[PDB]
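Enquirer:
Residue numbers (PDB author numbering), protein chains in the order written: chain C, 1 to 16; chain A, 1 to 16; chain A', 1 to 16; chain B, 1 to 16; chain C', 1 to 16; chain B', 1 to 16. A prime marks a further copy of an entry chain.
#1: In or out: residue 7 of chain C buried (at least 16 other Cβ within 10 Å) or exposed?
#2: Rounded to a whole number of angstroms, what is the C-alpha to C-alpha distance between residue 12 of chain A' and residue 1 of chain A?
#3: How would you list, in chain order, the residues of chain B whose beta-carbon sits under 7 angstroms from the beta-carbon of residue 7 of chain C?
#4: Let's see if you can read the secondary structure: which residues bound the beta strand (DSSP E) around residue 7 of chain C'?
#5: Report the three-state DSSP secondary structure of residue 10 of chain A (helix, strand or coil).
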């Protein structure tokens, strides 16, 4: 899957 | 701060 | 270069 | 925000 | 799991 | 080499 990163603090990597 | 990473999928980076 | 990430687990970041 | 990573060493993650 | 990152170029994140 | 990440914004990954 592709990994998409967000900064929300924490970093969240979510997948496709 | 340092980022500590975990995978559970979601990747989560938490700050120290 | 840009880093493109995938998860297969191993996370793999490839350079563009 | 979304996070974009670059490599040129050291990695840099920039927020969008 | 903990995620451990390596630069080998590519970035490889390996898990515990 | 191992990669360590820091956050202070922007993320920096430094090689060991």
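From the three backbone atoms N, C-alpha and C, an ideal C-beta is built for every residue, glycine too.
Expert: From the atom records:
#1: Per the 10 Å Cβ criterion, buried.
#2: 24 angstroms
#3: 1, 3, 15
#4: 3-7
#5: coil
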